[PDB]
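Taking the form deposited without the named molecule, here's one chain by itself in structure tokens.
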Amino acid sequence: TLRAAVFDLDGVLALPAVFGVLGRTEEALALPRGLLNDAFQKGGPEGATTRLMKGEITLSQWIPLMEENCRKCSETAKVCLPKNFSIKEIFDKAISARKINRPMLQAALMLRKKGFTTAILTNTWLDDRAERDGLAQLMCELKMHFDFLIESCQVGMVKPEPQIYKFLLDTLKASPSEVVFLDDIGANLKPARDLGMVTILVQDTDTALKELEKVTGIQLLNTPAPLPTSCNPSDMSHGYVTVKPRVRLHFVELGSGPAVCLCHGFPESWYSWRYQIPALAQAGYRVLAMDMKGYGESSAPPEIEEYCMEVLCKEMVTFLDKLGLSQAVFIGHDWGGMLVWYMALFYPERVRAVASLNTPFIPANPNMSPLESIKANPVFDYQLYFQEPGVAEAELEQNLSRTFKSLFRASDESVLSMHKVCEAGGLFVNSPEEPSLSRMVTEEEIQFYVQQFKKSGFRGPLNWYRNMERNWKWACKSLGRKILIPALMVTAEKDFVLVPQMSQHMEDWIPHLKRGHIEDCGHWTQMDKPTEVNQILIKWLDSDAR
């Protein structure tokens, strides 16, 4: 019975296989077949290449030795290599052209999800090239999906020496018969077999995967579209900034590049962005996923006025100041979407670009009380239920598990009326005591929100809805302004509270506004439609926010 799967990198997890480049070069250059290859394998286990693969020497030290091996192979072949022939130029292109074999990685991900221990076993080098970052990025992306990364140059052993195989088994804490080994070089496969390991000679991916499926009894080919990579809270970098005495803000941080500040809604967490954080960091951004004030590890002061838009926005400016960030892209959802439009209106200098999911930009009506305005819409009755300090806290803090399971559901899973909530006397008066688990979330993900909300509860979060009058007076000062910085409005077809239609007049105040629309998407946009959210955000980021 298998419980571990090992993958080679070149020709297995990454394609096109860098080594099939020596043959491609020979042909393009009309060189005697195998000339370049002979120079690469020259001296076998004594050669420059074996020294490189064992980590005795770096790639930059190896390049002159390989080109030297190239003169000698020519001497004995009778043809003379050109004057612009560069080993470096050839390998630079080969490394650069090699990308992750996505279906192979998905198969490895699926096996690991089923309780398999996974690893990468590769003959690689210590890359000190000026262009080494491209491969460092690839290895970074690949490795975090595996239990182990065994690199020849770091262990001082190479495939096919039998010692690396005994090393592999020891690392795995498993006997050979519990291991599948995939490689594109039959010579490297043989020792794994001699030990009783299941092996797969990898040529075309589909066939290798057909073989893999058969031997594991796990479906790997033709499976449904997987979810984007999520976040494990304990594997993240956690950041803490004191924005004022007794007000500290917590954030999760991932990646490098332009700062993208993600602002969640009610009643959420930095964790609501779990499917966006790895994807946005991978797309070349420095992600800062906040626990907004009143939430999770961020401070939660009791006073209502601590949660008015003016105070919240000023604290987000200080956050940027203390981190030494002159700007950040601000991406919000629900209450975070509202904050994000106000950051653009009041601090355009600090906002590189602004994007909102579900939350439209509606300019304050100076001739109408914001309370009258809320009453005009039956779908906002829940906001009136939230007005009285203590009432919604009591219901929401009553049973945390029920609260999140009741709220976090897809559009075709609704359990909450949300209309005539005041008259019903609560949000959960029609709701089961033990709601079923929505297909959107795991039991574990619910438990994370439960644990977060045990610290401060619902007072601070609910206080965001308790500053209507103050926010309205502040917003009225911006009635003559327009939003002229890059902006994106993303609507969710099935959000029955923040309906797409409510966003229709936005072009009047944001003339250059760009849009996104997600069909069959409820209110919890990020977890309902992660793939679509990621595609829309990344595309908008690359085109409008460097």
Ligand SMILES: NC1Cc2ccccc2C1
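Sequential numbering from 1, following the sequence displayed. So that the term is clear: the rigid core is the largest set of C-alpha atoms that superpose within 1.5 Å between two forms.
Colleague: Give, as the answer, the stretch of 253-261 and 185-193 that departs more from the shown form in 9 other deposited structures of this protein; the measure is RMS Cα distance after a core fit.
Modeller: Clearly, after the core fit, the stretch farther away in 9 other deposited structures of this protein is 185-193.
Colleague: Select between 387-395 and 368-376 the stretch whose C-alpha atoms have the higher average B-factor in the entry.
Modeller: It is 368-376.
Colleague: Once you work out the mean C-alpha B-factor for both 277-285 and 198-206 from the entry, which is higher?
Modeller: Averaged over C-alpha atoms, the B-factors run higher in 198-206.
Colleague: Just to confirm, going by the entry's C-alpha B-factors, which of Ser272, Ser86, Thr242, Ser326 comes out highest?
Modeller: Highest C-alpha B-factor among the listed residues goes to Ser86.
Colleague: Checking the entry, which one of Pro500, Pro45, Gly55, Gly516 has the top C-alpha B factor?
Modeller: Largest recorded C-alpha B-factor: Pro45.
Colleague: Split the chain's modelled residues into thirds by Cα B-factor; is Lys322 in the lowest, middle or highest one?
Modeller: As the PDB entry reports it, the C-alpha B-factor of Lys322 lands in the lowest third of its chain.
Colleague: Relative to the other modelled residues in the chain, which third contains the C-alpha temperature factor of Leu13: lowest, middle or highest?
Modeller: It belongs to the middle third of the chain when residues are ordered by C-alpha B-factor.
Colleague: Can you tell me which third, lowest, middle or highest, the CA B-factor of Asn188 falls into for its chain?
Modeller: Ranked within chain, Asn188 CA B lands in the highest tercile.
Colleague: Ranking the modelled residues of this chain by C-alpha B-factor as given in the entry, is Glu141 in the lowest, middle or highest third?
Modeller: Middle third of the chain for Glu141's C-alpha B-factor.
Colleague: For the chain shown, is the CA B-factor of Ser256 in the lowest, middle or highest third of its modelled residues?
Modeller: As the PDB entry reports it, the C-alpha B-factor of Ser256 lands in the lowest third of its chain.
There is another form of this protein, the form deposited with the named molecule bound, and it is not shown here; the text below is about that form.
Colleague: Out of the stretches listed (211-219, 447-455, 336-344, 274-282), which one is close to the named molecule in the deposited bound form, meaning heavy atoms within 4.5 Å?
Modeller: Going by heavy atoms within 4.5 Å, the stretch is 336-344.
Colleague: Contact with the named molecule in the deposited bound form for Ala364, defined as at least one heavy atom pair within 4.5 Å: yes or no?
Modeller: Result yes; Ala364 sits at the interface with the named molecule in the deposited bound form.
Colleague: Verify the contact flag for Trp472: yes if a non-hydrogen atom of it lies within 4.5 Å of a non-hydrogen atom of the named molecule in the deposited bound form, no if not.
Modeller: Within the cut-off, so yes.
Colleague: Hey, in the deposited bound form, does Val441 get a heavy atom within 4.5 angstroms of the named molecule?
Modeller: Answer no; every heavy atom of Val441 is more than 4.5 Å from the named molecule in the deposited bound form.
Colleague: Taking the named molecule as it sits in the deposited bound form, is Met309 in contact with it (heavy atom to heavy atom, 4.5 Å or less)?
Modeller: Close contact exists here: in the deposited bound form, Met309 approaches the named molecule to within 4.5 Å, heavy atoms only.
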